[PDB]
Protein chains: 4
Amino acid sequence: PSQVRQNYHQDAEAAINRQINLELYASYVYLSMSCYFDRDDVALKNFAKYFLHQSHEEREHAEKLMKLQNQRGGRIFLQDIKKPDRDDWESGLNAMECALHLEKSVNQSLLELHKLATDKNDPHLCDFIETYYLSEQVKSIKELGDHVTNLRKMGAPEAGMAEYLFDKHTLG
Amino acid sequence: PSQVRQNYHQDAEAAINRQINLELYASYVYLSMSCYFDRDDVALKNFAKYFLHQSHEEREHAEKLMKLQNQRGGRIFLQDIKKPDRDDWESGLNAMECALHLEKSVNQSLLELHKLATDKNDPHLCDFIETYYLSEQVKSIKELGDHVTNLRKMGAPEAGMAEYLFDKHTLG
Amino acid sequence: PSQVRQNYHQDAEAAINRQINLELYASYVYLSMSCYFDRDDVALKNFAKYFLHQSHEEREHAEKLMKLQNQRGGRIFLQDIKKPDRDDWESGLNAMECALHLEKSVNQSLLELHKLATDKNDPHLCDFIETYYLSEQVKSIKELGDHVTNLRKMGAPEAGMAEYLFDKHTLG
Amino acid sequence: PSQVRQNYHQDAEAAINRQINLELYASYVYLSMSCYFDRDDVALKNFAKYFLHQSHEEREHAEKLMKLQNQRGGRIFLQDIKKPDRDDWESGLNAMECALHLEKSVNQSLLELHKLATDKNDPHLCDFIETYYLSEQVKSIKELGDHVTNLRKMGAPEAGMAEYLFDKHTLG
Ligand SMILES: [Fe+3]
Ligand SMILES: [Zn+2]
Ligand SMILES: [Zn+2]
Ligand SMILES: [Zn+2]
Ligand SMILES: [Zn+2]
């Protein structure tokens, strides 16, 4: 064992490595969305900016878990980052719905990690998760739900002005 | 020959004179568009401003080619600047589509000039074109394509609010 | 075809997608190196900082190619980002040697892309590569070669003070 | 019972008093280390400064637990502060190893206190521990492990320049 390791179960170490991969995957999905909105036949610059910001945030989430793994004396093992499920995200509304689904799946993973940390009596890891991840995920999910609600009410994607005006007012 | 002339083929000199005329023509087309949008029965001030800016930029493009011709020891020969194809540009969307077509035709001319410079082994002229023209044309074409996409999606020109709101948000 | 596309061969579009994947892979390799140097049993903070910076730079390289693909009217197709070849990078000297090898492999890919752009008479793409990529790769390769030279001369990794003092002076 | 006391078990009160004594003991150990490095035959001023800072921090830890005890309506009962195990700490490396061992023993005590608070359903005390203590201990342990790693790699204590240069660069 590492000279720093204390109260850090092998199952937690493995679960953190899984979470690192999931956050890197989420970053890649957001990047894919961002570059869809930069296409000349889509051309919604503030949707593109919004998803690029989310991509960079997910990267920061992954890097903070890497720092945690080393702080606790675990060892980082990286895996392939799978490509996103689609190249064409269809519409601003569809991308926001897909983002909401993704954020909820990441939250579910974090709740399973917290349950594991609780079961292994690892309060530092429980607190880490609560302080830096759970907080943030609830806020993200609520923001995406609000965006989906507004776009649907405005008539997106069939009402042509809806995504245009949402891009200007809400995301601009 | 001019005392400064070196590695500057007569065919390149002639092609630069042609390009000067094309950039002056493009400036004149944009000016025509600008003054259509200032009509009391059209009244889209930010479309007018956008096309007047493009007119002034094309002028600057022409003047920079004139400077190049003299720097290399060629001689500028000016020709008539033909009037634009229309006086009435119909709509904001139609003017943006016509601008996209014009910008692509200017780009095609510049690509033919680069091919000539390459064939005559004139690296200074190739670099000039690449650095000051090709760069700029790709950016212009992408911007106009984005504008056309947005106006179509918003319902222009039949949806009456589309050009009005595009003028305010995108061009304002 | 995209409304913006002009003089952009399908082979170039495919090669740009390959290059995007390679730059994302390079970013991931650097990230792996960074987190090796943050291990409690390695503990070289300025090596970690150096490789994290390189990771972020490779990301920016990838994102700029994505912007180019959309500017030219190509379509981005993402692929899996493969995991790096090692988790344990052994030493500061070994990581710098591996980085040098990686940077040379990325340079080779870029030279093949330039040759393709030249063969398809695509001067905008040739200029893009030259201006934003080739420049940068030569500088990177020279810097890594200088680092490898200095670490070897100092006696790394067997001379225990060498990586410590290099971390302080050169990377600090 | 105190007029403020609510949900504060007698076992928790006793455990907090034990922890106060342990933090005061740790402060005293660090003070002993600090004054070893100020000896004329040791003369490592930045090691001395580092351990004096740690001594003052442990004092602050103890005082914050005293504040908690009174905030919850417990009563502070002080005990003798035992003298440290050694007067002569031998070397910079040995002192850092002894500090790492001490910090891990304090962490173990805090984890036992958290388990007690959890078992007595005292969420305010659990949160206190997590927020102000567990966080800090993990960071301390990782920093000391990094210092031990670097000193060993540099050749301390037998390589005479190692502690001297570590004192200058890392601790200065
Ligand atoms: Fe509005
Ligand atoms: Zn995340
Ligand atoms: Zn022009
Ligand atoms: Zn790169
Ligand atoms: Zn303490």
# chains A, B, ... in the order shown; residues from 1 in each chain; ligands from 1
$ interface_residues --of "chain C" --to "chain A" --cutoff "12 Å" --atoms "only C-alpha atoms" --output "ChimeraX atom specification"
/C:1-5,20-21,24-25,27-29,31-43,48,52,55-56,59-60,62-88
$ write_last_selection --atoms "C-alpha atoms" --output "mmCIF file, in the first residue's frame"
data_model
loop_
_atom_site.group_PDB
_atom_site.id
_atom_site.type_symbol
_atom_site.label_atom_id
_atom_site.label_comp_id
_atom_site.auth_asym_id
_atom_site.auth_seq_id
_atom_site.Cartn_x
_atom_site.Cartn_y
_atom_site.Cartn_z
ATOM 1 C CA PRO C 1 -23.094 19.452 -50.236
ATOM 2 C CA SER C 2 -23.008 22.159 -47.601
ATOM 3 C CA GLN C 3 -23.850 25.644 -48.903
ATOM 4 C CA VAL C 4 -20.398 26.894 -47.798
ATOM 5 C CA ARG C 5 -18.329 24.053 -49.237
ATOM 6 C CA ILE C 20 -8.979 15.507 -34.490
ATOM 7 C CA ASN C 21 -8.886 12.040 -32.950
ATOM 8 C CA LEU C 24 -7.626 14.214 -28.505
ATOM 9 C CA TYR C 25 -5.528 11.077 -27.957
ATOM 10 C CA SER C 27 -4.349 15.310 -24.838
ATOM 11 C CA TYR C 28 -5.289 12.096 -22.998
ATOM 12 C CA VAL C 29 -1.703 10.805 -22.966
ATOM 13 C CA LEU C 31 -3.278 13.918 -18.853
ATOM 14 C CA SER C 32 -2.097 10.412 -17.892
ATOM 15 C CA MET C 33 1.463 11.708 -17.515
ATOM 16 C CA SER C 34 0.315 14.635 -15.416
ATOM 17 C CA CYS C 35 -1.437 12.410 -12.911
ATOM 18 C CA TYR C 36 1.528 10.049 -12.635
ATOM 19 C CA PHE C 37 3.683 12.941 -11.392
ATOM 20 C CA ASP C 38 1.016 13.809 -8.771
ATOM 21 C CA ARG C 39 1.333 10.347 -7.156
ATOM 22 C CA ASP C 40 2.622 10.450 -3.552
ATOM 23 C CA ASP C 41 5.477 8.097 -4.570
ATOM 24 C CA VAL C 42 6.578 10.333 -7.465
ATOM 25 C CA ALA C 43 5.711 13.827 -6.195
ATOM 26 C CA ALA C 48 2.697 17.398 -13.311
ATOM 27 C CA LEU C 52 -1.302 19.164 -17.652
ATOM 28 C CA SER C 55 -2.894 18.236 -22.243
ATOM 29 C CA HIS C 56 -4.938 21.454 -22.327
ATOM 30 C CA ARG C 59 -7.380 19.929 -26.498
ATOM 31 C CA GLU C 60 -7.242 23.449 -27.968
ATOM 32 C CA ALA C 62 -8.391 19.510 -31.504
ATOM 33 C CA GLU C 63 -11.066 22.177 -31.024
ATOM 34 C CA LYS C 64 -9.423 24.421 -33.642
ATOM 35 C CA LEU C 65 -9.554 21.547 -36.186
ATOM 36 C CA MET C 66 -13.234 21.073 -35.367
ATOM 37 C CA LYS C 67 -13.785 24.772 -36.074
ATOM 38 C CA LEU C 68 -11.928 24.382 -39.404
ATOM 39 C CA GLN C 69 -14.038 21.362 -40.402
ATOM 40 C CA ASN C 70 -17.259 23.339 -39.863
ATOM 41 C CA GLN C 71 -15.862 26.501 -41.483
ATOM 42 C CA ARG C 72 -15.170 24.522 -44.685
ATOM 43 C CA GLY C 73 -18.526 22.727 -44.644
ATOM 44 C CA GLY C 74 -17.191 19.300 -43.681
ATOM 45 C CA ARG C 75 -18.847 17.180 -41.023
ATOM 46 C CA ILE C 76 -17.176 16.118 -37.814
ATOM 47 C CA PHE C 77 -17.337 12.393 -37.031
ATOM 48 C CA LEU C 78 -15.880 11.507 -33.641
ATOM 49 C CA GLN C 79 -14.330 8.182 -32.720
ATOM 50 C CA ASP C 80 -13.333 6.511 -29.460
ATOM 51 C CA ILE C 81 -10.342 8.083 -27.708
ATOM 52 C CA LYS C 82 -8.039 5.171 -26.970
ATOM 53 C CA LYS C 83 -6.409 4.868 -23.573
ATOM 54 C CA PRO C 84 -2.673 5.649 -23.364
ATOM 55 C CA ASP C 85 -0.095 2.892 -23.724
ATOM 56 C CA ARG C 86 1.004 2.971 -20.044
ATOM 57 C CA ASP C 87 -0.350 3.992 -16.639
ATOM 58 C CA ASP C 88 3.132 4.126 -15.030
#
$ residues_near_ligand --ligand "ligand 1" --cutoff "10 Å" --atoms "only C-alpha atoms and all ligand atoms" --output "list in words"
residues 161, 164, 165, 166, 168 and 169 of chain A; 161, 164, 165, 166, 168 and 169 of chain B
$ residues_near_ligand --ligand "ligand 5" --cutoff "9 Å" --atoms "only C-alpha atoms and all ligand atoms" --output "short mmCIF file (atom, residue, chain, number, x, y, z; two decimals) with N, CA, C and O atoms, in the first residue's frame"
data_model
loop_
_atom_site.label_atom_id
_atom_site.label_comp_id
_atom_site.auth_asym_id
_atom_site.auth_seq_id
_atom_site.Cartn_x
_atom_site.Cartn_y
_atom_site.Cartn_z
N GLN D 19 -9.90 14.14 21.97
CA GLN D 19 -9.34 14.72 20.77
C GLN D 19 -8.63 16.04 21.04
O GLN D 19 -7.61 16.31 20.41
N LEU D 22 -5.24 15.17 22.20
CA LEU D 22 -4.40 14.64 21.12
C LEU D 22 -3.88 15.79 20.23
O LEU D 22 -2.72 15.76 19.82
N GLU D 23 -4.73 16.79 19.93
CA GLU D 23 -4.30 17.91 19.11
C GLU D 23 -3.26 18.76 19.86
O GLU D 23 -2.27 19.19 19.28
N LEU D 24 -3.43 18.94 21.17
CA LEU D 24 -2.43 19.63 21.97
C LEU D 24 -1.10 18.87 22.03
O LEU D 24 -0.03 19.46 21.97
N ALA D 26 -0.05 16.79 19.61
CA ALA D 26 0.54 16.96 18.29
C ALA D 26 1.24 18.32 18.18
O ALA D 26 2.33 18.44 17.61
N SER D 27 0.61 19.39 18.71
CA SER D 27 1.22 20.70 18.67
C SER D 27 2.59 20.65 19.37
O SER D 27 3.56 21.28 18.94
N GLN D 54 3.29 24.07 11.70
CA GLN D 54 2.43 22.93 12.00
C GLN D 54 2.02 22.93 13.48
O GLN D 54 0.90 22.60 13.82
N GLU D 57 -0.73 25.42 13.87
CA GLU D 57 -1.96 24.91 13.28
C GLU D 57 -2.64 23.90 14.21
O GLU D 57 -3.86 23.91 14.32
N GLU D 58 -1.88 23.01 14.84
CA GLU D 58 -2.49 22.02 15.72
C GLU D 58 -3.12 22.69 16.94
O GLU D 58 -4.17 22.25 17.41
N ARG D 59 -2.47 23.75 17.43
CA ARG D 59 -3.07 24.55 18.48
C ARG D 59 -4.44 25.05 18.04
O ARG D 59 -5.42 24.91 18.77
N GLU D 60 -4.52 25.66 16.85
CA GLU D 60 -5.78 26.17 16.34
C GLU D 60 -6.81 25.04 16.22
O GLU D 60 -7.98 25.25 16.52
N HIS D 61 -6.40 23.84 15.81
CA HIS D 61 -7.30 22.70 15.77
C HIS D 61 -7.88 22.42 17.15
O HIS D 61 -9.08 22.21 17.29
N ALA D 62 -7.02 22.40 18.18
CA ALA D 62 -7.47 22.14 19.54
C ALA D 62 -8.46 23.22 20.01
O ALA D 62 -9.48 22.88 20.61
N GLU D 103 0.39 12.33 11.93
CA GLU D 103 -0.79 12.80 11.24
C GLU D 103 -1.76 11.65 10.95
O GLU D 103 -2.97 11.83 11.02
N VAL D 106 -3.57 10.86 14.21
CA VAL D 106 -4.61 11.85 14.50
C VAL D 106 -5.82 11.60 13.58
O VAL D 106 -6.97 11.67 14.02
N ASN D 107 -5.57 11.29 12.31
CA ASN D 107 -6.64 10.98 11.38
C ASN D 107 -7.44 9.77 11.87
O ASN D 107 -8.65 9.77 11.80
N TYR D 133 -11.91 18.98 9.80
CA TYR D 133 -10.83 18.11 10.23
C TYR D 133 -10.45 17.10 9.14
O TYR D 133 -9.27 16.94 8.87
N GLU D 136 -8.60 18.45 5.98
CA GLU D 136 -7.30 18.97 6.36
C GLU D 136 -6.31 17.84 6.61
O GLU D 136 -5.14 17.96 6.25
N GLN D 137 -6.76 16.75 7.24
CA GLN D 137 -5.84 15.68 7.55
C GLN D 137 -5.38 14.99 6.27
O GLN D 137 -4.22 14.64 6.16
#
$ select_by_dssp --residues "stretch 87-141 of chain A" --states "alpha helix (DSSP H)" --output "VMD selection string"
chain A and resid 92 to 119 123 to 129 135 to 141
$ decode --residues "stretch 20-162 of chain C" --atoms "C-alpha atoms" --output "PDB file, in the first residue's frame"
ATOM      1  CA  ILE C  20      -8.979  15.507 -34.490  1.00  0.00           C
ATOM      2  CA  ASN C  21      -8.886  12.040 -32.950  1.00  0.00           C
ATOM      3  CA  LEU C  22      -5.072  12.058 -32.787  1.00  0.00           C
ATOM      4  CA  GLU C  23      -5.005  15.450 -31.004  1.00  0.00           C
ATOM      5  CA  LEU C  24      -7.626  14.214 -28.505  1.00  0.00           C
ATOM      6  CA  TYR C  25      -5.528  11.077 -27.957  1.00  0.00           C
ATOM      7  CA  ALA C  26      -2.408  13.207 -27.368  1.00  0.00           C
ATOM      8  CA  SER C  27      -4.349  15.310 -24.838  1.00  0.00           C
ATOM      9  CA  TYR C  28      -5.289  12.096 -22.998  1.00  0.00           C
ATOM     10  CA  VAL C  29      -1.703  10.805 -22.966  1.00  0.00           C
ATOM     11  CA  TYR C  30      -0.501  14.076 -21.462  1.00  0.00           C
ATOM     12  CA  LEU C  31      -3.278  13.918 -18.853  1.00  0.00           C
ATOM     13  CA  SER C  32      -2.097  10.412 -17.892  1.00  0.00           C
ATOM     14  CA  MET C  33       1.463  11.708 -17.515  1.00  0.00           C
ATOM     15  CA  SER C  34       0.315  14.635 -15.416  1.00  0.00           C
ATOM     16  CA  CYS C  35      -1.437  12.410 -12.911  1.00  0.00           C
ATOM     17  CA  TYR C  36       1.528  10.049 -12.635  1.00  0.00           C
ATOM     18  CA  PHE C  37       3.683  12.941 -11.392  1.00  0.00           C
ATOM     19  CA  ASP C  38       1.016  13.809  -8.771  1.00  0.00           C
ATOM     20  CA  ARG C  39       1.333  10.347  -7.156  1.00  0.00           C
ATOM     21  CA  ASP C  40       2.622  10.450  -3.552  1.00  0.00           C
ATOM     22  CA  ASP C  41       5.477   8.097  -4.570  1.00  0.00           C
ATOM     23  CA  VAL C  42       6.578  10.333  -7.465  1.00  0.00           C
ATOM     24  CA  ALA C  43       5.711  13.827  -6.195  1.00  0.00           C
ATOM     25  CA  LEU C  44       7.125  16.122  -8.895  1.00  0.00           C
ATOM     26  CA  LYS C  45       4.621  18.982  -8.994  1.00  0.00           C
ATOM     27  CA  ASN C  46       6.219  20.954 -11.841  1.00  0.00           C
ATOM     28  CA  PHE C  47       6.388  17.879 -14.091  1.00  0.00           C
ATOM     29  CA  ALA C  48       2.697  17.398 -13.311  1.00  0.00           C
ATOM     30  CA  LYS C  49       1.951  21.058 -14.163  1.00  0.00           C
ATOM     31  CA  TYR C  50       3.982  20.885 -17.388  1.00  0.00           C
ATOM     32  CA  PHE C  51       2.116  17.831 -18.715  1.00  0.00           C
ATOM     33  CA  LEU C  52      -1.302  19.164 -17.652  1.00  0.00           C
ATOM     34  CA  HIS C  53      -0.572  22.341 -19.639  1.00  0.00           C
ATOM     35  CA  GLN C  54       0.363  20.199 -22.655  1.00  0.00           C
ATOM     36  CA  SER C  55      -2.894  18.236 -22.243  1.00  0.00           C
ATOM     37  CA  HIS C  56      -4.938  21.454 -22.327  1.00  0.00           C
ATOM     38  CA  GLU C  57      -2.976  22.707 -25.370  1.00  0.00           C
ATOM     39  CA  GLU C  58      -3.707  19.506 -27.319  1.00  0.00           C
ATOM     40  CA  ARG C  59      -7.380  19.929 -26.498  1.00  0.00           C
ATOM     41  CA  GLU C  60      -7.242  23.449 -27.968  1.00  0.00           C
ATOM     42  CA  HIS C  61      -5.531  22.004 -31.076  1.00  0.00           C
ATOM     43  CA  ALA C  62      -8.391  19.510 -31.504  1.00  0.00           C
ATOM     44  CA  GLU C  63     -11.066  22.177 -31.024  1.00  0.00           C
ATOM     45  CA  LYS C  64      -9.423  24.421 -33.642  1.00  0.00           C
ATOM     46  CA  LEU C  65      -9.554  21.547 -36.186  1.00  0.00           C
ATOM     47  CA  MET C  66     -13.234  21.073 -35.367  1.00  0.00           C
ATOM     48  CA  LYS C  67     -13.785  24.772 -36.074  1.00  0.00           C
ATOM     49  CA  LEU C  68     -11.928  24.382 -39.404  1.00  0.00           C
ATOM     50  CA  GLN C  69     -14.038  21.362 -40.402  1.00  0.00           C
ATOM     51  CA  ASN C  70     -17.259  23.339 -39.863  1.00  0.00           C
ATOM     52  CA  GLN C  71     -15.862  26.501 -41.483  1.00  0.00           C
ATOM     53  CA  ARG C  72     -15.170  24.522 -44.685  1.00  0.00           C
ATOM     54  CA  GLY C  73     -18.526  22.727 -44.644  1.00  0.00           C
ATOM     55  CA  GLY C  74     -17.191  19.300 -43.681  1.00  0.00           C
ATOM     56  CA  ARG C  75     -18.847  17.180 -41.023  1.00  0.00           C
ATOM     57  CA  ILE C  76     -17.176  16.118 -37.814  1.00  0.00           C
ATOM     58  CA  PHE C  77     -17.337  12.393 -37.031  1.00  0.00           C
ATOM     59  CA  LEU C  78     -15.880  11.507 -33.641  1.00  0.00           C
ATOM     60  CA  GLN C  79     -14.330   8.182 -32.720  1.00  0.00           C
ATOM     61  CA  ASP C  80     -13.333   6.511 -29.460  1.00  0.00           C
ATOM     62  CA  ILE C  81     -10.342   8.083 -27.708  1.00  0.00           C
ATOM     63  CA  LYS C  82      -8.039   5.171 -26.970  1.00  0.00           C
ATOM     64  CA  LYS C  83      -6.409   4.868 -23.573  1.00  0.00           C
ATOM     65  CA  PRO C  84      -2.673   5.649 -23.364  1.00  0.00           C
ATOM     66  CA  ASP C  85      -0.095   2.892 -23.724  1.00  0.00           C
ATOM     67  CA  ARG C  86       1.004   2.971 -20.044  1.00  0.00           C
ATOM     68  CA  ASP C  87      -0.350   3.992 -16.639  1.00  0.00           C
ATOM     69  CA  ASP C  88       3.132   4.126 -15.030  1.00  0.00           C
ATOM     70  CA  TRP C  89       5.519   6.473 -16.854  1.00  0.00           C
ATOM     71  CA  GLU C  90       8.530   5.376 -14.707  1.00  0.00           C
ATOM     72  CA  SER C  91      10.474   8.651 -14.488  1.00  0.00           C
ATOM     73  CA  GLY C  92      10.582  12.308 -15.540  1.00  0.00           C
ATOM     74  CA  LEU C  93      13.141  11.402 -18.214  1.00  0.00           C
ATOM     75  CA  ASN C  94      11.066   8.519 -19.577  1.00  0.00           C
ATOM     76  CA  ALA C  95       7.924  10.681 -19.734  1.00  0.00           C
ATOM     77  CA  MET C  96       9.825  13.424 -21.629  1.00  0.00           C
ATOM     78  CA  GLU C  97      11.187  10.788 -24.080  1.00  0.00           C
ATOM     79  CA  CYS C  98       7.677   9.399 -24.590  1.00  0.00           C
ATOM     80  CA  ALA C  99       6.339  12.932 -25.110  1.00  0.00           C
ATOM     81  CA  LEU C 100       9.045  13.607 -27.724  1.00  0.00           C
ATOM     82  CA  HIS C 101       8.044  10.415 -29.570  1.00  0.00           C
ATOM     83  CA  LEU C 102       4.363  11.392 -29.406  1.00  0.00           C
ATOM     84  CA  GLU C 103       4.996  14.935 -30.681  1.00  0.00           C
ATOM     85  CA  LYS C 104       7.020  13.578 -33.604  1.00  0.00           C
ATOM     86  CA  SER C 105       4.176  11.141 -34.472  1.00  0.00           C
ATOM     87  CA  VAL C 106       1.655  14.016 -34.426  1.00  0.00           C
ATOM     88  CA  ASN C 107       4.019  16.068 -36.623  1.00  0.00           C
ATOM     89  CA  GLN C 108       4.296  13.188 -39.083  1.00  0.00           C
ATOM     90  CA  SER C 109       0.486  13.027 -39.290  1.00  0.00           C
ATOM     91  CA  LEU C 110       0.332  16.807 -39.955  1.00  0.00           C
ATOM     92  CA  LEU C 111       2.983  16.539 -42.699  1.00  0.00           C
ATOM     93  CA  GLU C 112       0.904  13.796 -44.361  1.00  0.00           C
ATOM     94  CA  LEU C 113      -2.188  16.060 -44.113  1.00  0.00           C
ATOM     95  CA  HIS C 114      -0.242  18.944 -45.729  1.00  0.00           C
ATOM     96  CA  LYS C 115       0.890  16.633 -48.550  1.00  0.00           C
ATOM     97  CA  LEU C 116      -2.759  15.628 -49.135  1.00  0.00           C
ATOM     98  CA  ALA C 117      -3.904  19.276 -49.142  1.00  0.00           C
ATOM     99  CA  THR C 118      -1.118  20.127 -51.601  1.00  0.00           C
ATOM    100  CA  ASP C 119      -2.064  17.195 -53.863  1.00  0.00           C
ATOM    101  CA  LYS C 120      -5.761  18.307 -53.855  1.00  0.00           C
ATOM    102  CA  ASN C 121      -4.813  21.950 -54.551  1.00  0.00           C
ATOM    103  CA  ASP C 122      -6.380  23.234 -51.298  1.00  0.00           C
ATOM    104  CA  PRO C 123      -4.289  26.304 -50.400  1.00  0.00           C
ATOM    105  CA  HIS C 124      -6.519  27.446 -47.554  1.00  0.00           C
ATOM    106  CA  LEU C 125      -6.037  24.121 -45.791  1.00  0.00           C
ATOM    107  CA  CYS C 126      -2.277  24.097 -46.502  1.00  0.00           C
ATOM    108  CA  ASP C 127      -1.963  27.597 -45.032  1.00  0.00           C
ATOM    109  CA  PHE C 128      -4.080  26.659 -41.997  1.00  0.00           C
ATOM    110  CA  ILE C 129      -1.824  23.721 -41.218  1.00  0.00           C
ATOM    111  CA  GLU C 130       1.360  25.739 -41.719  1.00  0.00           C
ATOM    112  CA  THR C 131       0.171  28.724 -39.684  1.00  0.00           C
ATOM    113  CA  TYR C 132      -1.367  26.985 -36.681  1.00  0.00           C
ATOM    114  CA  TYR C 133       0.191  23.487 -36.484  1.00  0.00           C
ATOM    115  CA  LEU C 134       3.585  22.977 -38.149  1.00  0.00           C
ATOM    116  CA  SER C 135       5.112  26.024 -36.456  1.00  0.00           C
ATOM    117  CA  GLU C 136       3.993  24.822 -33.026  1.00  0.00           C
ATOM    118  CA  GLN C 137       5.074  21.215 -33.495  1.00  0.00           C
ATOM    119  CA  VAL C 138       8.670  22.139 -34.387  1.00  0.00           C
ATOM    120  CA  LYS C 139       8.859  24.349 -31.292  1.00  0.00           C
ATOM    121  CA  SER C 140       7.408  21.586 -29.085  1.00  0.00           C
ATOM    122  CA  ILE C 141       9.809  18.953 -30.442  1.00  0.00           C
ATOM    123  CA  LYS C 142      12.836  21.199 -29.896  1.00  0.00           C
ATOM    124  CA  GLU C 143      11.741  22.018 -26.308  1.00  0.00           C
ATOM    125  CA  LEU C 144      11.250  18.326 -25.448  1.00  0.00           C
ATOM    126  CA  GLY C 145      14.592  17.414 -27.023  1.00  0.00           C
ATOM    127  CA  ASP C 146      16.291  20.113 -24.894  1.00  0.00           C
ATOM    128  CA  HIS C 147      14.581  18.718 -21.761  1.00  0.00           C
ATOM    129  CA  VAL C 148      15.674  15.151 -22.559  1.00  0.00           C
ATOM    130  CA  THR C 149      19.240  16.321 -23.172  1.00  0.00           C
ATOM    131  CA  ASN C 150      19.405  18.192 -19.861  1.00  0.00           C
ATOM    132  CA  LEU C 151      17.904  15.348 -17.819  1.00  0.00           C
ATOM    133  CA  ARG C 152      20.299  12.791 -19.344  1.00  0.00           C
ATOM    134  CA  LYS C 153      23.325  15.040 -18.737  1.00  0.00           C
ATOM    135  CA  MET C 154      22.262  15.632 -15.107  1.00  0.00           C
ATOM    136  CA  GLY C 155      22.195  11.838 -14.553  1.00  0.00           C
ATOM    137  CA  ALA C 156      18.425  11.158 -14.474  1.00  0.00           C
ATOM    138  CA  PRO C 157      16.807   8.934 -13.361  1.00  0.00           C
ATOM    139  CA  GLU C 158      19.534   7.160 -11.354  1.00  0.00           C
ATOM    140  CA  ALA C 159      20.982  10.423  -9.889  1.00  0.00           C
ATOM    141  CA  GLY C 160      18.306  11.184  -7.382  1.00  0.00           C
ATOM    142  CA  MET C 161      18.738  14.929  -7.278  1.00  0.00           C
ATOM    143  CA  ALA C 162      18.498  15.326 -11.086  1.00  0.00           C
TER     144      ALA C 162
END
